[PDB]
Amino acid sequence: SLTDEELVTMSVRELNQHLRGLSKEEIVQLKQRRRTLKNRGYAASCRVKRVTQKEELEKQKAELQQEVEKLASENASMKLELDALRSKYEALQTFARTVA
Amino acid sequence: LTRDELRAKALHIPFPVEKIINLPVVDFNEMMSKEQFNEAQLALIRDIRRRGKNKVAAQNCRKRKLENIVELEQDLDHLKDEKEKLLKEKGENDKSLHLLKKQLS
DNA sequence: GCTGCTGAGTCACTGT
DNA sequence: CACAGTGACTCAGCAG
């Protein structure tokens with residue numbers, strides 16, 4: 001007989017090379033087994049494609065989220081010190097004017 | 001006539017298939033009550049109900065899967081825009097600080 | 001005909 | 001018990 005992985009690997013030409021002692025009905029049965037196994041591989045590789053898409057998208061979304069969170073937080077902190085420095089610069093505005 | 005309707009008919013299931021599937025549990029039980037079904041009839045009813053419900057969860061599951069990738073791809077877009085808006089703000093903050101630090105050495 | 005794909009239904013689970 | 005969510009398999013059916 002034959003095994004599963006061996007059927008999927010070969011082509012239709014090599015499949016025609018293994019018609020030893022089988023009826024016409026066993027021919028289509030074996031051909032339908034290959035198409036079924038080929039279909040299982042198609043669906044599986046289709047799943048792996050979408051899982052890879054989702055994981056890679058999620059890993060690179062989880063990055064950008066932390067990137068903008070760190071950026072938003074640091075800009076908030078910097079704009080505080082930046083506003084405070086300008087406040088004291090503006091305090092020296094009025095004092096510089098008060099002298100003559 | 002679907003294969004499900006033929007089988008139910010062949011087993012003398014008096015209920016329409018749609019009512020076997022879509023009816024709520026309390027109403028399904030009410031309809032099922034006062035009925036002398038045998039095991040074969042009970043099994044085919046429950047098999048039609050389960051397959052019918054699960055068929056819709058499968059579509060919903062696949063619909064949500066694709067919809068989720070669209071939302072992730074949008075999520076990506078907005079974050080790349082927010083990063084650029086944030087870097088622009090950081091620049092105008094870095095420039096104002098530098099200009100004030102320059103005027104004071 | 002074959003190939004690769006994809007929507008869809010079904011099974012066998014797990015979780016609420 | 002109920003039912004919903006989900007990976008894996010299956011097949012029909014389309015495009016090339």
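To find a chain, count down the sequence lines: A is the first, B the second, and so on, and within it residues start at 1.
Side-chain contact of A:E26 with A:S23: a donor-acceptor pair under 3.5 Å is present, judged by distance alone. A donor-acceptor contact under 3.5 angstrom links the side chains of B:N68 and A:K54, judged on distance only. Using a 3.5 Å distance cut-off with no hydrogens or angles, the side chains of A:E14 and A:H18 do not pair a donor with an acceptor.
Atoms CG (B:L66) and P (D:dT6) sit 13 Å apart, rounded to a whole Å. One interatomic measurement links the two molecules: CD1 of B:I69 to P of C:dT6, which rounds to 14 Å at whole-angstrom precision. In this structure, A:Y42 places its OH atom 5 Å from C1' of C:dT3, rounding to the nearest Å. In this entry the distance linking CZ of B:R51 with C1' of C:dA8 reads 14 Å, nearest Å. When the P atom of C:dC2 is taken as reference, atom CZ of A:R33 falls 16 Å away, rounded to whole Å. Atoms NZ (B:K55) and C1' (C:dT10) sit 11 Å apart, rounded to a whole Å. If you measure from atom CZ of A:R34 to atom P of D:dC11, you get 15 Å, rounded to the nearest angstrom. Distance, A:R47 CZ to D:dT6 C1': 11 Å, rounded to whole Å.
Relative to the side chain of A:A43, the nucleotides C:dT10, D:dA4, D:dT10 differ in distance, and D:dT10 lies closest. The side chain of B:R46 lies closest to D:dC1, out of D:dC1, C:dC5, C:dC11. Considering only side-chain atoms of A:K31, the nucleotide from D:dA2, C:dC2, D:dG5 that sits closest is C:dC2.
Nucleotide C:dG15 forms a Watson-Crick or G-U wobble pair with D:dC3, both donor-acceptor distances falling under 3.5 Å.
Nearest-nucleotide positions on DNA chain D for B:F28 and B:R64 put B:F28 closer to the 5' end. Closest-nucleotide positions on DNA chain C for B:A58 and A:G41 were compared, and the one nearer the 5' end corresponds to A:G41. A residue-by-residue look at A:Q32 and B:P24 shows that B:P24 has its nearest nucleotide of DNA chain D further toward the 5' end.
Among the protein residues, B:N60 comes within range of no part of the nucleic acid, since none of its heavy atoms lies under 4.0 Å from any strand. No engagement by B:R3 is indicated, since no non-hydrogen atom pair under 4.0 Å with the nucleic acid exists. Residue contacts shown for A:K49 are limited to sugar-phosphate atoms, with no base heavy atom under 4.0 Å away.
Checking the phosphate oxygens (OP1, OP2) of D:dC9, no side-chain nitrogen or oxygen of A:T36 falls inside 4.0 Å. OP1 or OP2 of D:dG7 sits under 4.0 Å from a side-chain N or O of B:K65. Regarding contacts with the backbone of C:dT10, every side-chain N or O of B:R49 stays at 4.0 angstrom or more from both OP1 and OP2. Checking the phosphate oxygens (OP1, OP2) of C:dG9, a side-chain nitrogen or oxygen of B:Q59 falls inside 4.0 Å.
No more than 12 heavy-atom neighbours from other residues, nucleotides or ligands sit within 6.0 angstrom of NZ on B:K9.
For C:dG1, the base has no donor-acceptor partner in the side chain of A:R35 [N/O atoms by modelled type, under 3.5 angstrom]. No donor-acceptor contact under 3.5 Å links the side chain of B:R62 to the base of D:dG5. Counting distance only, with no hydrogens placed and no angle test, the side-chain atoms of A:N39 and the base atoms of C:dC5 include a donor-acceptor pair under 3.5 Å.
Aromatic ring centres of B:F15 and B:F28 lie farther apart than the 6.0 Å criterion allows.
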Starting from the C-alpha separation in whole Å, work towards a yes-or-no answer on salt bridge (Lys or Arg N to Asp or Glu O under 4.0 Å) for B:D81 and B:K85. CA-CA 6 Å; B:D81 304 24; B:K85 163 159 138 212; over 6 Å; no

